[PDB]
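Worksheet for the structure shown next.
Here the Cβ positions follow ideal geometry from the backbone for every residue, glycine too, while neighbour counts run over all protein chains shown. Any read-out appearing in this document is the output of simple, stated calculations on the displayed coordinates, not a laboratory observation.
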Amino acid sequence: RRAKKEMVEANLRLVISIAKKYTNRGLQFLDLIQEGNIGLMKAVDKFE
DNA sequence: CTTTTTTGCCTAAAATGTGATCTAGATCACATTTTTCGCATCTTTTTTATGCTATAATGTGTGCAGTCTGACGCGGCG
């Protein structure tokens with residue numbers, strides 16, 4: 001519960017970077033960003 | 001006196017009237033087979049909610065405004 005938050009805070013820039021490809025005028029910035037945080041945190045739960 | 005027109009008769013003849021006596025018709029309230037309908041099964045059949053993909057990738061702006069403006073509020077701004 002502590003240790004992962006480090007990793008989570010780490011790659012925020014990969015998150016936002018990949019997000020801002022499909023920020024064509026499809027939806028909105030931060031919504032893509034939030035769902036990217038989601039997909040991340042689930043990638044975090046599983047990684048080997 | 002002769003004609004024709006009429007009626008009545010001859011002479012043949014259809015239409016009228018006896019009602020008594022049946023006889024095939026139509027009624028008449030209530031049980032049975034057909035339509036094919038409606039909701040439950042199947043039962044598919046399609047469609048839909050959900051689930052993974054292990055080289056590697058790390059701070060925006062993003063296309064615009066053309067900036068109205070005069071008075072008054074109000075936070076400063078001294």
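Under a model in which nothing but the beta-carbon of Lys, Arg (+1) and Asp, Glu (-1) is charged, chain A shows a dipole of about 60 debye around its Cα centre. Using a Förster distance of 25 Å, how high is the FRET efficiency between residue A:9 and residue A:48, based on the Cβ-Cβ distance and rounded to 0.05? That gives a FRET efficiency of 0.75.
Close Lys pairs in chain A (alpha-carbon distance under 15 Å; sequence gap of 8 or more, or different chains): 4. Residues in region A:4-18 carry Karplus couplings, in order, of 5, 4, 3, 4, 5, 5, 5, 8, 4, 6, 4, 4, 5, 5, 4 Hz; the curve used is 6.51 cos²θ - 1.76 cosθ + 1.60 with θ = phi - 60°, and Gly or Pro positions show x. Extension gain for residue A:23 to residue A:41 (0.36 nm times residue separation, less C-alpha to C-alpha distance): 4.4 nm.
How large is Rg/Rh for chain A, to two decimals, with Cα atoms and a Kirkwood Rh?
Values: Rg = 11.7 Å, Rh = 11.4 Å.
Dividing the radius of gyration by the Kirkwood radius yields 1.03.
For chain A, which longest stretch is free of loop sites, where a loop site is one of the trypsin sites (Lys or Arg not before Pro) that DSSP puts outside H, G, I, E and B and that has at most 16 other Cβ atoms within 10 Å?
Working: sites that count: A:1, A:2, A:20, A:21, A:25, A:46.
Result, exposed sites excluded: A:26-45.
Sequentially through region A:24-31, phi angles give Karplus couplings (6.51, -1.76, 1.60; θ = phi - 60°) of 4, 6, x, 10, 4, 4, 6, 5 Hz, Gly and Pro residues having no value and appearing as x.
Loop-located chymotrypsin sites (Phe, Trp or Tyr not before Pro) in chain A (DSSP state not H, G, I, E or B) with no more than 13 neighbouring Cβ atoms inside 10 Å: A:22, A:47.
Per residue of chain A, what 222 nm ellipticity follows from adding -39500 (n - 2.57) for every DSSP H run with n ≥ 4, rounded to the nearest 500? Please list the in-between numbers first.
On the way: 3 runs with 32 residues, N = 48.
Calculated mean residue ellipticity at 222 nm is -20000 deg cm²/dmol.
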